[PDB]
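Here are two versions of the same chain, shown separately as structure tokens and labelled structure 1 and structure 2.
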Structure 1
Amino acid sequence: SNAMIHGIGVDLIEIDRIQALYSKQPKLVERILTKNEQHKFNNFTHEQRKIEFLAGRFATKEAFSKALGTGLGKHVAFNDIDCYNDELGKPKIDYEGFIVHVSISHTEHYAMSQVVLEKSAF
């Protein structure tokens, strides 16, 4: 085999900023979500969970876009990046041609995500 790292991305998001944005323009904020992510979001009852979810998605989607690079990836629509967790709780994103590695974390005030994209060299 001939694996190689294509690119990496990291993003840190201040949860309070996302709280403010969501209170002001909830529908505009929700446009970053895919249909699957929207379905999940619509089942939440509590605002704290809603904001954590959104903040985490902002962070992951940005980290992924940065890792991909290319004009194509820099300009990927956030609502076309479907983030999910596997049956073991590992965050994932499917993207043809790459093995996408993701990791997430959050605290009360911050959400952070990192992405590493690997590729076969040929």
Structure 2
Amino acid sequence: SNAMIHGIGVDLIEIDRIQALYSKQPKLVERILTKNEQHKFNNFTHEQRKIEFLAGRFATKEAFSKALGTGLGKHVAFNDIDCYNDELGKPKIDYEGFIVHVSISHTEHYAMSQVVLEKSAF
């Protein structure tokens, strides 16, 4: 554990899969998003923006899990990873022991997210 980066993660998600499931099970939102993220999700005036936000959050959490190492990451509830936005709108995640770097991108049909977990200490 001499490396300064603990791990990296990336996840690509088809918007139509998220849309399908949200339509088939609206309580999907409560299973992926924190209360804070739900507040945001419910505040979007446009349904397509809601689905994009949800897809981006799902991809981000999957990327975060992959950066941790799936063997550990699968034990972290989505509800416990709060991806919030700073004052410039940049996505952020706080997680003790790391400096978490996140980036999200959207097209009409896909959402993707990248996470790099930098170690906070030597």
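FYI, numbering is relative to structure 1, first residue = 1. Each form is matched to the other, and the largest set of C-alpha atoms that superpose within 1.5 Å is called the rigid core.
Measuring CA movement between structures 1 and 2 with the rigid core aligned, the set 62, 52, 37, 30 has one residue at 2 Å or more: 30. Relative to the superposed core, residue 97 undergoes a Cα shift smaller than 2 Å between structures 1 and 2.
Once the two forms are overlaid on the core, residue 71 shows a Cα shift of 4.1 Å between structures 1 and 2. If you overlay the core, the Cα of residue 17 moves by 0.8 Å between structures 1 and 2.
Superposing the rigid core and comparing between structures 1 and 2 gives a CA shift of 1.6 Å at residue 88.
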